[PDB]
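All values below were derived from every heavy atom in this structure, side-chain atoms included, with hydrogens, water molecules and symmetry-related copies excluded. Within every chain, numbering begins at 1; the chains are lettered A, B, ... in the order of the sequence lines, protein sequences first and strands thereafter.
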Amino acid sequence: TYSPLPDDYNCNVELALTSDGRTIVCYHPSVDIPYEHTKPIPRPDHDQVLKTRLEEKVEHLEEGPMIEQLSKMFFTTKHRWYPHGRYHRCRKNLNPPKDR
Amino acid sequence: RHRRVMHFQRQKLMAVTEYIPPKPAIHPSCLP
Amino acid sequence: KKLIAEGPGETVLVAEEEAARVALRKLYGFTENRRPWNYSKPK
Amino acid sequence: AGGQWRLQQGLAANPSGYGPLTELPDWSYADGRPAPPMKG
Amino acid sequence: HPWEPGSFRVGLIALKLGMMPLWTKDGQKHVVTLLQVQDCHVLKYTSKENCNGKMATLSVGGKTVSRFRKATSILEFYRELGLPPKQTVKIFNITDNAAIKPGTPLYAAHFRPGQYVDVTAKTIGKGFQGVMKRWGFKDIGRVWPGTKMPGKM
Amino acid sequence: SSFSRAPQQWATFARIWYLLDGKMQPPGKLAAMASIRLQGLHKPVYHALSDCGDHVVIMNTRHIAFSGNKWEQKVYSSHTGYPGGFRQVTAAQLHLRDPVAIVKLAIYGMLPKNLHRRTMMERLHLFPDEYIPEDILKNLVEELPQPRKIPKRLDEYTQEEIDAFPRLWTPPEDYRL
Amino acid sequence: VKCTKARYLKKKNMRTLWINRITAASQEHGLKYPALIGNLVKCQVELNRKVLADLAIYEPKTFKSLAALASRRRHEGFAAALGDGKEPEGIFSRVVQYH
Amino acid sequence: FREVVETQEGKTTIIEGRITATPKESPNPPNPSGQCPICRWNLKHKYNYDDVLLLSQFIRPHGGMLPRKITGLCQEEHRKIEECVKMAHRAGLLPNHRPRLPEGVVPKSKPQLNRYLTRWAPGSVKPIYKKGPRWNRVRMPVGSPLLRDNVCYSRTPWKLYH
Amino acid sequence: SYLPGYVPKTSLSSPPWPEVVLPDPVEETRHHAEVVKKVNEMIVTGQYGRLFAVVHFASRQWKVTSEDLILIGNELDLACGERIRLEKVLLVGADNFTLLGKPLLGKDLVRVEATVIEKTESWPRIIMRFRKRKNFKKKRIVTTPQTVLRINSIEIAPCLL
RNA sequence: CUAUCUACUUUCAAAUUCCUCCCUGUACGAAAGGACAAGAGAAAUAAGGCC
Ligand code: FES
Ligand SMILES: [Mg+2]
Ligand SMILES: [Mg+2]
Ligand SMILES: [Mg+2]
């Protein structure tokens, strides 16, 4: 039949005027994702006489290389990673208003 | 001596009053 | 094969745990869009 | 938007002109008593 | 491998001993510079893909220097290679058929008489000099980038 | 939706990865779509101060098609900064030198002229010829439709379609052709 | 002085934001902003831009219905334009009259 | 269709033509009053540069245009189709209507710059080094002016200059 | 073999947009009654949770729900605690259905009640015009009367049919 | 300029030129006349360095 919009996403919309014609009624139930359209949850992942060692993977990196790594990882420019002076740091409100 | 600039209101008037030629529904050459 | 809940997460484990919380909210009738508490004077 | 269409239906070009949306009372008392007429 | 047209073999690092007069059978005088190869070895080989260049690279080292004045990381590199540390390390762009095993010594007979060679080195440092010595010199509202002014020569 | 507050916020502002095919597409129409996605202007939650831009991946940038004679006529000009450093090259010359330059410049001009523009460009991934790194391929969420419909070539027409079209004129049987 | 003048800009920018968000929400349903706003008026739906932007974010199902209603009214306008007026007006085209 | 041939046999060459049946026009044109084929089929202002099915009928096997007298097209449509065929060729829509490659020529691959609606031959056009001021801006032609009268299904007329 | 207005298929022969056929009026009128009845039964059986509505109040439109607060930008000649009914409801919505007025829904269908919880004035608003004088000492300050309304409840009645 | 600010302080190194010889009394040239590059030597300038 005729649909104003496709009904394969978000919800199925049925538009109907009332008999008097003064009210528009919209029936929009949710469209549940079909099981077929889903993927299975990805499953995560010797002479070891000595205990396993929790080697610290914390490597020192200089500011330039460290900022370059952060910028690449988050797809940002380098500027945001540099610090700012005391004047701006103290200006920031550390008890901002919160709405719900 | 050179075509002087017109007041833009006048230029707007000229454009709105430009000749519009009649367009036949069927081209004359396309008819017997 | 019938969806009961769906949840978002930054990791698959976090999303799976959130989905469980969403399912529990629906089962216990404590969803975010449930009928609000009625304060109308008894009548 | 819709100013010319509204005029074609005999309505005010602005939906805030004449009609139920503007002229009708905004509110009434919960018990059903009518509110005082609005200043506008 | 045999030499093929389009091949680029490695070069070497030499020390500048000085200059001497040389005469040719046509009776012309020529001043030459004596370049002495001291403890020159191949240090590293990098293939075309890994070098980020069209041609593969061969790293060559120069004069032997004290191990007591070198960084730990550099000292570890030479420890694996089995050679005393070098003073200068240069990169030569080579073809895949000119690759030499790291550690191989390079000699002056790598070049032969009658051949031409480009020689690269740091020039004698003259410090901060004026336009006259630096450039030989005795209005858009700004100085152009690249303008010749006094500076380190 | 009865999500937990933190998960709900994460989903609403999450970054999406979009794929765009540039084969036989004009750069500007590709740039116009990429501009909107890189700014987050396609989201109802859009706000300039909210960093709600999305990732845009454009492939086949080498196979873009310029309408008209823009290959010859369109000139890209830059200045090195030195006396006599002004350089002007045509779109064709620039395309051979850098297959992604034309699409990149088209997007750069459309983005807002503010400090957020360079950040938006970081989320732009231009690839010349159908090869996308596996990591970027795993991010992809949706492929946006090509802005220009690629007309079929004469050879690409099926016999049924060729027959369906009528023969407009009767050629003289004595004409060499 | 800036504070006094900014009140004018605040209203202007807020309306620009609602239109941007409504445009984005409409595009998700294949509808251009002028089609949605104008056709909703032709259905005697007087929801303002601020509410429509709020609905797009917090009531997506209701907003899709509004987009579907605008799309339906737009199609009824197309059919009427092709017709000579002999046929009857569309169901959603019918305008309620007030006196 | 007359195909001239030549056969060298017995130390002699014979040149003769061969008359072959041609594609007959589809019967019952919708508008038999139309003077030329385009109007006879209600195709005036209804074809573009990418309608190879329509344009291919008026071009030779090697991409050349056919004479107006042979085709019967009116001068106005003849020029329209002539421009459309030029743009169709420059866009690669007609890859089988090119001159046959002899044994001497070698297969070669050169920069293939995709283009469409190309009014001018790429070689003749010169770069716009100086755009000029806003009031006197040098524009880039897109499409052809001959197709300015084509049916438009949008509220905006075609932009012929970019 | 062709009609008088037949045109061979080409790019410009027909419009680019896909042809749309609207439902038959008679058949569609029957379908509308089924949808209105279905939604009416949901209201009759209370098959809805939280409701939201769009109300027109003080020249303004408010997307509200139960327990919400709205700051009205003027006085309302009402005592704090007074319970009023917001009588101009453009829209009332549920999870699965939405009712739209043309332009206002009937009073029978939806009832929205609110309470006045605070009567106050806004924070001082500076008015400063840069006329050709010493401006600072000539700054005007205005405070506007405000009223805070709490949305108590939104009730829909089964009167669609 | 007792120089606060703007700008700038290595676009690192593809080189130009005039003469002589040669090509050549050759190609062209009715003929006279007379190449061009290809080179060779010698100069100078500029750029870069060097004792
Ligand atoms: S005479 Fe009708 S289109 Fe040519
Ligand atoms: Mg020194
Ligand atoms: Mg305004
Ligand atoms: Mg010197």
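For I124(E), the side-chain atoms get nearest to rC51(J) when compared with the rest of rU11(J), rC51(J), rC8(J). Residue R134(E) has its side chain nearest to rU10(J) when only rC51(J), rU11(J), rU10(J) are considered. Here the nucleotide nearest the side chain of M19(E), chosen from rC51(J), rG48(J), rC8(J), is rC51(J). Of the listed nucleotides (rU11(J), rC8(J), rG48(J)), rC8(J) has the atom at the smallest distance from the side chain of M149(E). Looking at the side chain of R142(E), the nearest of the listed nucleotides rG48(J), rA7(J), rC50(J) is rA7(J).
Across all strands shown, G85(F) has no heavy atoms under 4.0 Å from either base or sugar-phosphate atoms. The residue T123(E) sits close only to the backbone: its heavy atoms come under 4.0 Å of sugar-phosphate atoms, none of a base. Using a 4.0 Å heavy-atom distance criterion, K126(E) is classed as making no nucleic acid contact. Among the heavy atoms of the strands lying under 4.0 Å from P150(E) is at least one base atom, whether or not backbone atoms are also near.
We find that CG of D139(E) is positioned 12 Å from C1' of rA7(J), with the value rounded to whole Å. Distance, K148(E) NZ to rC8(J) P: 17 Å, rounded to whole Å. Between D26(E) atom CG and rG41(J) atom P there is a gap of 11 Å when expressed in whole angstrom units. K152(E) places its NZ atom 10 Å from the P atom of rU10(J), with the value rounded to the nearest Å. Rounded to an integer number of Å, the gap from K133(E) NZ to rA47(J) P is 16 Å.
Side chains of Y108(F) and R118(F): a donor on one and an acceptor on the other come within 3.5 Å. One side chain, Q39(F) or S35(F), offers a donor N or O that lies under 3.5 Å from an acceptor on the other.
Aromatic ring centres of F75(A) and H125(F) lie closer together than 6.0 Å. Annotation: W3(E) is not in aromatic contact with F8(E) [ring centroid separation under 6.0 Å not met].
Comparing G141(E) and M153(E) against RNA chain J, the residue whose closest nucleotide sits nearer the 5' end is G141(E). In this structure, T80(F) and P145(E) both approach RNA chain J, and ranking their closest nucleotides by distance from the 5' end singles out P145(E).
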